[PDB]
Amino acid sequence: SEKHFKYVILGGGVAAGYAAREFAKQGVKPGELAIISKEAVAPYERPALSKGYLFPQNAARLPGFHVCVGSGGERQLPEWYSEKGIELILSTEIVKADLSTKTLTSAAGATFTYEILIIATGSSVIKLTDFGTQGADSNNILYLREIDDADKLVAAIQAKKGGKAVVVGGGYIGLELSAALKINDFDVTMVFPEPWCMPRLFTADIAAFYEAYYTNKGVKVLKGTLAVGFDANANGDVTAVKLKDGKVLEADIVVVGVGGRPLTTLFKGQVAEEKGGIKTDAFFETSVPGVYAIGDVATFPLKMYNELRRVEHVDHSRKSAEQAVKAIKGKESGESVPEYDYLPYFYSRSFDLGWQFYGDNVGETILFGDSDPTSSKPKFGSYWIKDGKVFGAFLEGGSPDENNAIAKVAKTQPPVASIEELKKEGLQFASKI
């Protein structure tokens, strides 16, 4: 009954799917590796859940977006794993991890042993019920982290067709959700307390473009307020959203985007933690030899900024997954592996927009380009200047070359003698580098 594998990746997300591609490249043998996931499907490109998955027509659907298509790689269907002798253990939640005995136990009591462990458990979605919010347990108050959550949302959009939606949260998930609900023909109201949307990255100037663009699209942006409770009917279904300011919004469906946290509960005490995640070295190895932490759960050395960091980027999930397998196989062969040198890269898409950010959002900012929301193809960016150098670069509506140019600016940190002249140059500055 108990199963044994040389390597076990715990989790079936983006990092797990990309670690498995790296294993096949490294020559993994039949029977050696297993991926244990609580989801009923093979690893897939998570960012698709708040994008094409929510389309009313010609939506993204599995098996279409299984990894590694999101980065231009080959689709890894369930057949890809079985045909390689990679054991895909689905619908299995590991409720107990004993690192000292190298044994994991599933919710059904089944046990599994490994020689090497890769922790790719990602993040769990924050819910309003965690806060103890009045009426937050009403039906049709939905979240979006996994494909079952996406399927519940796609069912609710269909059941509540042409109704009222309230989106709680002003991050990029709130933005992508509001845009999705609007392209599905809902009356949409977006609620968040910050003085502008995407507060952890957008400047007031960048936010103003997206707020105006969403307003033109019919989305009602309600900044400076917070959802404090909900009304429900006799079936327990949400009927309204109560706000801190006394306003009461009618709602047929509520979709919440209030963040996430690393899913490291199984390891508390057994591994060193820092900055919310499991601490790793430049090779994603934890304080326990042979136990690795990749993707969302990892607090790793961010080499170019000389500090430990934790990120929630799909690029980091893929790259960190490759780094760990290279470190594991390199130790088997005595081969040296260079340190993880990640350039922070984040992106978001909604409506006909699509932006990319590289580097670090620190220092003084300048906006450049065409930032008119009514333009047929808005193309505008922003630079962050710290210690007289470009530290961060943002671009909306860039071409693949223009996006590569701002990544090279954020990677090389070119000198800025004049911030006024840098704004004059604009996007031409990134191309002339």
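Numbers follow the displayed sequence, beginning with 1.
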| query | finding |
| --- | --- |
| Stretch exceeding the other in mean C-alpha B-factor - 157 to 165, 332 to 340 | 332 to 340 |
| Mean C-alpha B-factor comparison - 279 to 287 and 148 to 156, higher one | 279 to 287 |
| Which of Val254, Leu263, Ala212, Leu353 ranks first by CA B-factor in the deposited coordinates | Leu263 |
| Criterion, highest CA B-factor; candidates, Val228, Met190, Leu104, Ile119 | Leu104 |
| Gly31 by Cα B-factor - lowest, middle or highest third of the modelled chain | highest |
| Third assignment of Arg310 from its chain's C-alpha B-factors | highest |
| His66, C-alpha B-factor rank within chain (lowest, middle or highest third) | lowest |
| Chain-relative CA temperature factor third for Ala15 | lowest |
| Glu396 - Cα temperature factor, lowest/middle/highest third of chain | lowest |
